[PDB]
Amino acid sequence: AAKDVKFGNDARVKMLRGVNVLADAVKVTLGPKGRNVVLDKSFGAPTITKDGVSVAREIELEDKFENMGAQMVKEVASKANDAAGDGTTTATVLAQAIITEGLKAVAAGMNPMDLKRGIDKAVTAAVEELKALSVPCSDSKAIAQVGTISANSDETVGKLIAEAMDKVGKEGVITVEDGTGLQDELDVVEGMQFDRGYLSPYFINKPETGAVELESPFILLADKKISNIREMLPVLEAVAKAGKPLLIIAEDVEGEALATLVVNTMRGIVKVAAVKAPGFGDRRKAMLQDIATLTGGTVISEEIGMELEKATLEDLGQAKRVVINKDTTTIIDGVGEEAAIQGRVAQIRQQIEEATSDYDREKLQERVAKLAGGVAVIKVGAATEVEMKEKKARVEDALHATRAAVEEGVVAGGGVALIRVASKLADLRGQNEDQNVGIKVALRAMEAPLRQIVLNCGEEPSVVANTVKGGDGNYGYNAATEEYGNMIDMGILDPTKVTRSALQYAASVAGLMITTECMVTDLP
Amino acid sequence: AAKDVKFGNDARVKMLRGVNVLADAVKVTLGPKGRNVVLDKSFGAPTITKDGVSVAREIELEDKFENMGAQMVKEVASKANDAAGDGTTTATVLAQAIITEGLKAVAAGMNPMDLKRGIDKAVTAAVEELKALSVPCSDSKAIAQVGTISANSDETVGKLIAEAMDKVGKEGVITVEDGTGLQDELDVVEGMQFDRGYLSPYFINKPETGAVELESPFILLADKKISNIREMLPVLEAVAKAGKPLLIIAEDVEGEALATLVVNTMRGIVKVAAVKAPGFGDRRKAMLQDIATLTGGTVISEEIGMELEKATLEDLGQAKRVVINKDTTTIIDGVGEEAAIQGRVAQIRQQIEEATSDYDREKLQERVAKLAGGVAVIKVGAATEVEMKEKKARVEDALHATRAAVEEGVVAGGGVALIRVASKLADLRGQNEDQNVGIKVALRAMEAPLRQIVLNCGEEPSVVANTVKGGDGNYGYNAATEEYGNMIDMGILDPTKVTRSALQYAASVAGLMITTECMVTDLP
Amino acid sequence: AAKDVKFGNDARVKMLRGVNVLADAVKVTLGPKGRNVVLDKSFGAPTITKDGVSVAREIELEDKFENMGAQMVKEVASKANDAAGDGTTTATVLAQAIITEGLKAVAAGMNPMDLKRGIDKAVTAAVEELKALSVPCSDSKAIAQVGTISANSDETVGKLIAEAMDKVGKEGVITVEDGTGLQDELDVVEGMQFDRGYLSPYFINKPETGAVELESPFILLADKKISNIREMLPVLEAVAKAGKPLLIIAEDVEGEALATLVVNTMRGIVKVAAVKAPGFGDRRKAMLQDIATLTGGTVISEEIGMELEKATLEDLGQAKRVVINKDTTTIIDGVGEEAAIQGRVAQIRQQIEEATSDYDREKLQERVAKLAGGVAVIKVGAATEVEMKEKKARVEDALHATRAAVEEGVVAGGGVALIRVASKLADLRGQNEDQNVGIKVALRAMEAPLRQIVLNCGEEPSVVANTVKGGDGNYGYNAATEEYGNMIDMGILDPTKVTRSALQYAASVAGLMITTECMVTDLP
Ligand SMILES: Nc1ncnc2c1ncn2[C@@H]1O[C@H](COP(=O)(O)OP(=O)(O)OP(=O)(O)O)[C@@H](O)[C@H]1O
Ligand SMILES: Nc1ncnc2c1ncn2[C@@H]1O[C@H](COP(=O)(O)OP(=O)(O)OP(=O)(O)O)[C@@H](O)[C@H]1O
Ligand SMILES: Nc1ncnc2c1ncn2[C@@H]1O[C@H](COP(=O)(O)OP(=O)(O)OP(=O)(O)O)[C@@H](O)[C@H]1O
Ligand SMILES: [K+]
Ligand SMILES: [K+]
Ligand SMILES: [K+]
Ligand SMILES: [Mg+2]
Ligand SMILES: [Mg+2]
Ligand SMILES: [Mg+2]
């Protein structure tokens with residue numbers, strides 16, 4: 001199609017316009033007194049949110065060049081959310097500041113590539129300064145403080161997050177879902193629990209709750225399909241001689257074997273329950289091996305050279321507790337040597353280190369948690385569905401910030417650490433005066449977050465920034481309290497990863513935008 | 001459909017308009033201080049690029065006559081990128097200069113074919129002068145310098161390119177892909193490696209990394225399908241008697257044979273690993289023959305008159321190392337006579353010389369590299385995706401320029417070589433005064449590259465061109481440094497192939513355009 | 001649909017408008033200083049061409065009356081290109097002149113049918129005069145001159161055409177294709193060659209070249225599909241006893257026979273190569289009979305009453321050389337009596353004389369060339385694709401003109417012969433003063449070509465035409481040289497067929513167009 005071509009100042013003005021529109025839409029949610037943004041939904045009611053990336057992702061402009069600017073600036077928020085899950089609004093504000101300063105530097109007729117070089121140098125120095133200024137976030141108090149800061153000053157969310165990591169541990173998995181009541185709740189599960197119920201309600205040994213209870217039972221891990229009873233007469237006789245319950249974790253059990261087992265349960269011969277093997281395919285085999293390791297048994301598969309008829313008591317795993325219900329089976333305290341369990345979790349961690357997809361990494365981490373860690377479920381409770389969405393978004397932001405703080409430490413929140421970095425980097429000079437101008441662009445830029453946080457609170461961004469600059473260390477301005485003091489002491493902790501990634505992505509997008517001279521787009 | 005027909009001056013003005021629009025869009029990226037262009041993408045965010053052909057290929061004009069002008073001038077950039085992969089912006093600038101001068105000459109009422117003849121004569125003489133002025137580029141310093149020049153003054157890209165060429169060698173293959181971190185990395189593989197993993201995780205002899213290790217093993221190259229164990233009882237017994245590991249590179253292994261082999265591995269009988277034969281079809285047979293030559297074995301195929309049951313230890317290839325993982329198998333230091341390997345690579349090179357498609361040539365060169373050379377992979381690391389694209393484009397341009405410089409030598413960069421050629425070709429005269437006008441058209445034209453390079457730097461193209469003309473040899477104007485000096489000294493090297501091809505394509509397009517008088521296009 | 005109807009002068013003005021538009025578009029490429037035209041291509045790049053029929057075929061007008069006038073005048077160029085392949089622009093100019101003069105006469109009360117009668121009489125007399133003035137073009141110098149004239153003053157094209165005709169001969173076939181380099185090349189093939197490679201790479205006795213070489217081999221021509229080896233046990237044993245190589249030109253060879261033959265090759269028993277029979281269907285049978293005649297063998301078919309098992313050494317053709325590669329097999333110096341070969345080519349020539357389709361005629365001529373003549377391939381080399389197209393069009397025009405000159409002789413080029421004819425026909429009178437007006441119309445008309453050729457050179461068409469008329473014989477005006485002299489001596493030779501056909505078609509279209517009084521067309 002025929003193309004519209006822009007050169008020089010027109011394209012730069014269009015980028016500035018799109019960036020300014022997107023940043024103005026996003027930044028109103030920054031800081032403790034940032035307000036909410038409601039996004040129209042064609043299919044359903046409009047959604048109320050405070051997350052900056054959510055607001056940024058819904059921005060599109062009729063003007064094609066300004067649309068280009070909005071798209072290129074949205075990458076900062078997108079990548080900031082992708083990396084740490086927090087500071088997306090701070091990332092957008094930083095990007096807008098860098099874009100503004102660099103464009104007005106370009107307007108002087110001066111070389112844009114040298115501006116990009118200076119901005120990159122200054123931002124690398126800023127990342128180093130932030131890493132040096134990072135202080136570890138390991139205590140539950142600091143975790144709760146980080147969660148509160150990221151959840152828009154919500155102590156309950158940070159407290160629940162710290163409790164989840166404390167109960168579950170570092171190697172466990174913590175997830176957030178919607179609740180049924182008006183309050184949040186936390187559930188912790190240890191051991192292996194897989195979403196596989198009993199294959200027959202007649203296996204239920206307690207009609208009051210409809211559950212199957214197995215005390216110190218054998219576990220037959222069949223990596224195969226059980227179709228005929230004849231394949232498992234030997235193991236059934238072995239179980240009957242042993243007299244202990246049996247749990248058959250198989251791919252599935254057909255009608256004949258299921259009928260025989262349910263008959264034998266109420267005939268008093270063998271107390272046998274049958275459940276399906278969790279997972280599908282290679283993940284099913286991996287989970288079966290995990291169950292074998294934790295229960296000290298051998299998975300029954302034809303691919304290794306053994307048959308179900310040849311299986312004996314040794315090939316049967318053992319566990320202290322087997323809980324079964326309509327949906328889930330939990331194997332609690334299986335007899336498993338810690339050597340095999342730790343070897344298996346080491347193999348899973350090695351696979352994690354060679355896992356690129358986040359889904360595979362999460363599944364492997366959940367497998368480790370079932371083997372060694374735990375599973376936490378946090379249900380969000382409130383009255384309405386918009387409150388569902390907003391509170392869940394705040395909880396997820398708090399969880400991301402808490403994890404980032406745990407893994408990388410904390411720094412003074414509210415843009416105070418960035419002001420300290422700017423003070424420490426006022427001496428940086430590049431290859432020429434042009435890279436010096438780029439460095440000064442970055443230095444003027446990273447003071448934007450505190451200024452915008454204060455602006456959302458209705459106070460003076462300039463006076464606050466000047467007073468914070470006159471201070472040192474963690475001295476700064478609590479925007480929720482509107483008072484000058486130490487950010488670390490009064491709980492204003494920002495993850496170092498969040499700020500560092502936000503600044504890096506903002507700089508990377510803005511420096512390349514600086515060198516723009518021309519656009520080719522479609523005709524309106 | 002009804003056709004719009006133009007004649008004479010209006011049509012030539014339309015061609016000049018389209019050429020000027022396309023050249024103005026392209027030339028902003030020329031020179032070390034050239035700026036880059038952001039191109040809007042309908043599917044995704046706009047892409048920031050500095051490659052001239054990339055900007056040229058996105059140009060389309062609403063006016064059908066100017067659209068034809070843009071299309072006909074785009075051929076210069078397209079062919080320049082196709083030939084050497086660099087100098088596309090220089091090609092576009094040269095084409096625009098030749099078009100402008102030739103159309104101006106036509107505006108005087110003089111025969112256009114005489115301009116075409118004079119331009120062709122002058123450009124042929126210029127190609128001869130560039131070939132004579134070409135100095136070889138074999139040292140790694142010159143290669144790194146060429147890469148830096150083509151990568152928009154990036155020393156790291158040229159250094160990595162020189163390192164890859166040195167480690168891998170001349171007959172190897174070097175490729176560039178995107179990385180995962182923020183920095184570029186280089187990986188070199190010597191020997192033979194094919195993307196085939198083990199057919200069973202039970203073949204893994206090291207659960208820590210999930211890999212199969214075979215030390216001094218036999219190699220059974222089956223150019224067939226292995227279905228029954230009975231076909232390989234003789235070779236299995238021979239391997240067991242030998243006691244050395246075995247690697248079966250076959251088309252595929254079914255369930256029965258795979259189960260038997262995995263059983264025998266953990267039963268201690270034979271340490272056997274099975275992988276699929278790389279390639280599909282005739283290329284699979286060629287790769288199997290390559291493996292046979294490198295490992296000194298015989299490929300097992302029914303088309304030659306021998307059977308798998310009749311195969312013995314002699315038909316089994318041997319190698320010092322066999323590495324297998326989930327995806328790849330490397331045969332390291334196979335026992336292969338250099339006579340057979342060199343004959344095979346000679347046959348592959350003969351096929352290359354009779355290979356028209358670039359894909360077939362690349363595959364054959366990769367086969368030679370596996371047999372004799374190596375494989376280099378350069379991962380581009382940076383914060384954002386637009387930086388992915390821009391840095392990878394710069395790296396690819398640098399790689400193309402370095403290869404062109406290695407194969408054809410270097411000349412003084414920044415358009416100095418063309419100015420020297422113009423000084424040496426000021427005496428050329430054609431069949432008539434009109435062909436002399438065409439020669440002067442070409443002579444005025446090839447001074448355009450330095451002028452545009454300096455213009456992108458904000459200095460005086462005319463003063464710079466005059467000062468360079470007053471100089472001699474490689475004396476010129478470093479546009480990045482903005483200083484006069486010998487371009488060879490500070491590393492401003494341009495491949496002779498790049499400039500020669502660019503000038504040839506520009507002249508060939510422009511000379512044929514000049515003789516145009518009439519236009520037939522569709523009605524708007 | 002409702003029809004728009006025109007009568008009398010308005011319809012004739014519409015005819016003249018369409019004719020004039022098409023002729024003005026076409027005639028800009030006439031003569032040595034004719035221009036080039038760029039035609040817009042919706043699917044691909046616009047094409048630069050100088051061929052008159054190519055420009056004519058792309059002309060369409062919005063006005064339906066002028067559009068149908070353009071359609072009827074396009075028939076002159078179309079038929080001129082169909083007949084001789086050259087002089088299409090001359091045909092268009094002649095048609096425009098005849099149309100203009102006839103319409104001018106009609107406007108004065110002329111009887112249009114009498115104009116048609118007089119024009120036909122004068123043009124028939126002109127054709128007779130051109131035939132009488134034709135001088136044979138048999139020397140390679142005249143052929144090269146004709147090619148140069150038709151290739152827009154390109155000596156190389158005419159020289160290559162003459163060389164191809166000399167090497168290949170009169171009964172051979174010469175074709176023009178695009179090359180890979182920057183220069184034209186000529187390849188001549190004698191004997192017979194068919195595009196069939198070896199059926200197995202194991203047949204290759206020369207792996208360095210990947211070719212099957214057979215010295216004094218038997219030739220088994222199987223007009224059948226061979227499936228089982230048992231069919232060639234007799235002839236395989238006969239060949240083994242003979243000990244000479246064997247080439248099986250069959251419809252195809254299946255897996256069992258191919259495997260047995262490839263086994264027997266490397267076993268040193270029989271040197272057997274297998275290739276597919278060229279052609280499909282009746283043409284395959286004819287080509288197999290051609291191979292039998294040239295190699296002195298018998299084609300093995302079931303339709304005659306003999307079987308492959310009953311075939312002996314006598315049924316096997318013999319030859320001196322058999323060349324096979326991945327694609328082609330050539331039989332060089334087959335032992336074939338000239339009686340059978342000449343009888344076969346006589347039958348093919350008889351089929352040619354009864355062949356209406358040009359494709360069948362070309363295939364039969366190629367069969368004769370394989371049996372008796374040769375095959376020439378001329379590759380066009382140049383930098384760009386538009387130059388591919390333009391140079392190939394010039395080469396094809398030169399080839400057509402050279403063939404027409406060889407078959408019918410030459411006359412003075414540049415419209416000089418037409419002026420001589422007009423001078424010789426100034427005395428022709430028809431049935432009445434009306435047919436005299438028609439004759440004068442034609443006489444005024446055929447002086448147009450030289451006038452337009454000179455007009456394309458920027459000189460005076462009237463002064464040039466007057467000076468040429470004042471001359472005699474081949475005295476005329478070299479428009480490329482702009483000098484008066486003999487056309488024949490300086491190499492401006494025009495094929496008599498080209499000019500005669502052009503004039504005939506122009507007269508036939510124009511005389512009928514003159515007799516029109518009413519138009520019926522669609523409503524806009
Ligand atoms: N009491 C406070 N005093 C000063 N600054 C504060 C205070 N509470 C929060 N902040 C700052 O305000 C910001 C928190 O705003 P908010 O959580 O809405 O957005 P964000 O951290 O930029 O990212 P996201 O859009 O992903 O939620 C951080 O920069 C934080 O340091
Ligand atoms: N320091 C320098 N001083 C002078 N000229 C330079 C310098 N560095 C590069 N050049 C010139 O500038 C040009 C390099 O620009 P650039 O690499 O962007 O485009 P290109 O070589 O025309 O091709 P492409 O569009 O394929 O990248 C070359 O003509 C080179 O000779
Ligand atoms: N040097 C010359 N001096 C005079 N007339 C010439 C000269 N060279 C060519 N001509 C004339 O010019 C014409 C050749 O032009 P051109 O080959 O472009 O078109 P054409 O022969 O009419 O047909 P086509 O359109 O098929 O190419 C012929 O009439 C030829 O006699
Ligand atoms: K926010
Ligand atoms: K460029
Ligand atoms: K022509
Ligand atoms: Mg936040
Ligand atoms: Mg370049
Ligand atoms: Mg012609």
# chains A, B, ... in the order shown; residues from 1 in each chain; ligands from 1

$ closest_atom_pairs --of "chain A" --to "ligand 4" --cutoff "6 Å" --atoms "only C-alpha atoms and all ligand atoms" --output "JSON lines"
{"residue": "A:29", "atom": "CA", "partner": "ligand 4", "partner_atom_place_in_ligand_line": "1 (K)", "distance": 4.3}
{"residue": "A:30", "atom": "CA", "partner": "ligand 4", "partner_atom_place_in_ligand_line": "1 (K)", "distance": 4.4}
{"residue": "A:50", "atom": "CA", "partner": "ligand 4", "partner_atom_place_in_ligand_line": "1 (K)", "distance": 5.0}
{"residue": "A:51", "atom": "CA", "partner": "ligand 4", "partner_atom_place_in_ligand_line": "1 (K)", "distance": 4.4}
{"residue": "A:52", "atom": "CA", "partner": "ligand 4", "partner_atom_place_in_ligand_line": "1 (K)", "distance": 4.5}
{"residue": "A:89", "atom": "CA", "partner": "ligand 4", "partner_atom_place_in_ligand_line": "1 (K)", "distance": 5.0}

$ interface_residues --of "chain C" --to "chain B" --cutoff "6 Å" --atoms "only C-alpha atoms" --output "list in words"
residues 35, 36, 37, 38, 39, 40, 60, 61, 62, 259 and 263 of chain C

$ atom_distance --atom1 "CA of residue 9 in chain B" --atom2 "CA of residue 483 in chain C"
28.1 Å

$ residues_near_ligand --ligand "ligand 3" --cutoff "8 Å" --atoms "only C-alpha atoms and all ligand atoms" --output "ChimeraX atom specification"
/C:29-32,34,50-54,81,85-91,149-153,394,397,412-416,449-450,453-454,477-482,487,491-494

$ residues_around --residues "residue 419 in chain C" --least-positions-apart "6" --cutoff "10 Å" --atoms "only C-alpha atoms" --output "compact mmCIF listing (two decimals) with C-alpha atoms, in the first residue's frame"
# COMPACT_ATOMS: atom_id res chain seq x y z
CA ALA C 412 17.46 -1.19 -47.90
CA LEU C 425 4.51 3.06 -58.00
CA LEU C 443 1.79 6.01 -51.82
CA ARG C 444 1.76 8.92 -49.38
CA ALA C 445 1.56 6.36 -46.57
CA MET C 446 4.51 4.06 -47.09
CA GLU C 447 7.01 6.94 -46.81
CA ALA C 448 6.11 7.22 -43.12
CA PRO C 449 8.72 4.77 -41.67
CA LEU C 450 11.85 6.72 -42.65
CA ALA C 465 12.58 11.96 -47.16
CA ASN C 466 13.03 14.48 -49.98
CA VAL C 468 16.24 10.05 -50.19
CA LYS C 469 13.58 10.39 -52.90
CA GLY C 471 18.38 9.46 -54.62
CA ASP C 472 17.92 6.02 -56.09
CA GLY C 473 18.39 2.38 -55.20
CA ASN C 474 19.88 2.01 -51.73
CA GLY C 476 19.17 6.92 -48.15

$ residues_around --residues "residue 364 in chain C" --least-positions-apart "3" --cutoff "9 Å" --atoms "only C-alpha atoms" --output "ChimeraX atom specification"
/C:345,348-349,351-352,359-361,367-369

$ closest_residue --among "C:157, C:211, C:275, C:393" --to "ligand 6" --atoms "only C-alpha atoms and all ligand atoms"
C:393

$ residues_around --residues "residue 298 in chain C" --least-positions-apart "4" --cutoff "12 Å" --atoms "only C-alpha atoms" --output "PyMOL selection string"
chain C and resi 218-223+249+285+288-294+304+306-308+311-318+336

$ closest_residue --among "C:396, C:385, C:208, C:185" --to "ligand 9" --atoms "only C-alpha atoms and all ligand atoms"
C:396

$ select_by_dssp --residues "range 216-329 of chain C" --states "helix (DSSP H, G or I)" --output "ChimeraX atom specification"
/C:229-231,233-242,255-266,282-295

$ write_last_selection --atoms "N, CA and C atoms" --output "compact mmCIF listing (two decimals), in the first residue's frame"
# COMPACT_ATOMS: atom_id res chain seq x y z
N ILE C 229 13.58 -58.27 -12.91
CA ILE C 229 14.88 -58.56 -13.50
C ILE C 229 14.80 -59.69 -14.51
N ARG C 230 13.83 -60.60 -14.37
CA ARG C 230 13.78 -61.78 -15.23
C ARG C 230 13.59 -61.41 -16.69
N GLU C 231 13.12 -60.19 -16.97
CA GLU C 231 12.96 -59.76 -18.36
C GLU C 231 14.29 -59.50 -19.06
N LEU C 233 17.40 -60.91 -18.01
CA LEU C 233 18.41 -61.97 -17.91
C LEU C 233 18.99 -62.37 -19.26
N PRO C 234 18.20 -62.60 -20.32
CA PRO C 234 18.84 -62.92 -21.61
C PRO C 234 19.77 -61.83 -22.11
N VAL C 235 19.32 -60.58 -22.11
CA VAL C 235 20.15 -59.51 -22.65
C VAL C 235 21.28 -59.16 -21.69
N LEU C 236 21.07 -59.31 -20.38
CA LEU C 236 22.17 -59.12 -19.44
C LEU C 236 23.27 -60.15 -19.67
N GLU C 237 22.89 -61.41 -19.87
CA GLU C 237 23.89 -62.44 -20.17
C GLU C 237 24.57 -62.17 -21.51
N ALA C 238 23.80 -61.71 -22.50
CA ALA C 238 24.38 -61.37 -23.79
C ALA C 238 25.39 -60.24 -23.67
N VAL C 239 25.07 -59.22 -22.87
CA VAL C 239 25.99 -58.10 -22.67
C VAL C 239 27.23 -58.56 -21.91
N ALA C 240 27.05 -59.40 -20.89
CA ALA C 240 28.19 -59.92 -20.14
C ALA C 240 29.12 -60.73 -21.05
N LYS C 241 28.54 -61.55 -21.93
CA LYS C 241 29.35 -62.26 -22.91
C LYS C 241 30.05 -61.29 -23.86
N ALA C 242 29.33 -60.26 -24.31
CA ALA C 242 29.96 -59.22 -25.12
C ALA C 242 30.99 -58.44 -24.32
N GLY C 255 12.41 -50.88 -8.60
CA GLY C 255 13.41 -51.06 -7.56
C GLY C 255 14.24 -52.32 -7.70
N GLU C 256 13.60 -53.44 -8.02
CA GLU C 256 14.32 -54.71 -8.07
C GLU C 256 15.35 -54.72 -9.20
N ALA C 257 14.92 -54.35 -10.41
CA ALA C 257 15.85 -54.32 -11.54
C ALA C 257 16.95 -53.30 -11.32
N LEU C 258 16.60 -52.12 -10.80
CA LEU C 258 17.60 -51.09 -10.55
C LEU C 258 18.62 -51.56 -9.52
N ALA C 259 18.16 -52.20 -8.44
CA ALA C 259 19.07 -52.69 -7.42
C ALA C 259 19.98 -53.78 -7.97
N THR C 260 19.43 -54.70 -8.75
CA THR C 260 20.25 -55.75 -9.35
C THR C 260 21.30 -55.15 -10.28
N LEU C 261 20.91 -54.15 -11.08
CA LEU C 261 21.84 -53.55 -12.03
C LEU C 261 22.94 -52.78 -11.30
N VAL C 262 22.59 -52.01 -10.27
CA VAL C 262 23.61 -51.27 -9.54
C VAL C 262 24.55 -52.22 -8.81
N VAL C 263 24.02 -53.33 -8.29
CA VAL C 263 24.88 -54.34 -7.68
C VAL C 263 25.85 -54.88 -8.72
N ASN C 264 25.34 -55.28 -9.89
CA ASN C 264 26.18 -55.85 -10.93
C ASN C 264 27.21 -54.86 -11.46
N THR C 265 26.94 -53.56 -11.37
CA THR C 265 27.91 -52.57 -11.83
C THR C 265 29.17 -52.59 -10.96
N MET C 266 29.02 -52.35 -9.66
CA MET C 266 30.18 -52.36 -8.77
C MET C 266 30.75 -53.75 -8.54
N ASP C 282 3.05 -40.41 -27.66
CA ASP C 282 3.44 -40.61 -29.05
C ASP C 282 4.77 -39.94 -29.35
N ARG C 283 5.03 -38.77 -28.76
CA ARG C 283 6.32 -38.13 -28.95
C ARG C 283 7.45 -38.96 -28.35
N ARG C 284 7.19 -39.65 -27.24
CA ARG C 284 8.18 -40.56 -26.69
C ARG C 284 8.49 -41.69 -27.66
N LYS C 285 7.46 -42.26 -28.29
CA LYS C 285 7.68 -43.33 -29.26
C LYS C 285 8.45 -42.81 -30.47
N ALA C 286 8.12 -41.61 -30.94
CA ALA C 286 8.83 -41.03 -32.07
C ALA C 286 10.29 -40.77 -31.73
N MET C 287 10.56 -40.27 -30.52
CA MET C 287 11.94 -40.02 -30.12
C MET C 287 12.70 -41.33 -29.95
N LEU C 288 12.03 -42.37 -29.44
CA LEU C 288 12.67 -43.68 -29.33
C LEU C 288 13.00 -44.25 -30.71
N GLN C 289 12.11 -44.06 -31.68
CA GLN C 289 12.41 -44.46 -33.05
C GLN C 289 13.57 -43.66 -33.62
N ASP C 290 13.65 -42.38 -33.27
CA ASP C 290 14.79 -41.56 -33.68
C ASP C 290 16.09 -42.13 -33.12
N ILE C 291 16.07 -42.51 -31.84
CA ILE C 291 17.26 -43.09 -31.21
C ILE C 291 17.61 -44.42 -31.87
N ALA C 292 16.60 -45.21 -32.22
CA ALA C 292 16.85 -46.48 -32.90
C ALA C 292 17.49 -46.26 -34.26
N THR C 293 17.00 -45.27 -35.01
CA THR C 293 17.58 -44.97 -36.32
C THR C 293 19.02 -44.48 -36.19
N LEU C 294 19.29 -43.60 -35.22
CA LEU C 294 20.62 -43.03 -35.10
C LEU C 294 21.61 -44.04 -34.53
N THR C 295 21.15 -44.92 -33.64
CA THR C 295 22.01 -45.92 -33.02
C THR C 295 21.93 -47.28 -33.71

$ atom_distance --atom1 "CA of residue 427 in chain B" --atom2 "atom 14 (C, counted along the ligand's line) of ligand 2"
29.0 Å
